[PDB]
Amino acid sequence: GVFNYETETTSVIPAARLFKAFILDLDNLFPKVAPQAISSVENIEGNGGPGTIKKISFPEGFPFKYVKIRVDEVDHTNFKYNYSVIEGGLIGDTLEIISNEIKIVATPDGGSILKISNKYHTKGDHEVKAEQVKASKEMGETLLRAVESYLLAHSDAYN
């Protein structure tokens, strides 16, 4: 079956600046600012753009050592990133693929909102565990705070 979860979290960073840091520089930024969430990021092939296969490793004592991601879309106009988790974790056992889309929309504040979508395609009768959804939500929030905070402490960065 295919099961959709959606969150939204707000940021005081302008959408255009957030997209640059959060999405376009995530390979460098993430293991830098959130080493408690992410210990490295390696591009197995590609730029970082559509077609890229990427390896994300997790710190010592996470449930899984690493996931592998396929980047499908990096829309610089509408501030969007589409990627699918194709290897690691429960992928190939309980899950077929997890496809994700992140979008950054400007708010009437001058800040922004991250809209996250996570589509789990399960194998057979296996059902998504609430703990997987919560850990994904939590991970998104730690990465987002850690980036926003870095941006506020380095005001000339990504303008």
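So that there is no doubt, residue numbering starts at 1 and follows the sequence shown.
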query: Do the C-alpha atoms of 43-51 or of 59-67 have the higher average B factor in the entry?
result: 59-67
statement: Comparing C-alpha B-factors across 98, 104, 128, 37 in this entry, the winner is 37
query: Comparing residue 91 with the other modelled residues of its chain, is its CA B-factor in the lowest, middle or highest third?
result: highest
- request: Report the third (lowest, middle or highest) to which the CA temperature factor of residue 155 belongs, ranking only the modelled residues of the same chain.
  value: lowest
field: Record-listed C-alpha B factor of residue 29: chain third
entry: middle
message: Looking at the temperature factor on the CA atom of residue 9, which third of the chain's modelled residues does it land in?
response: highest
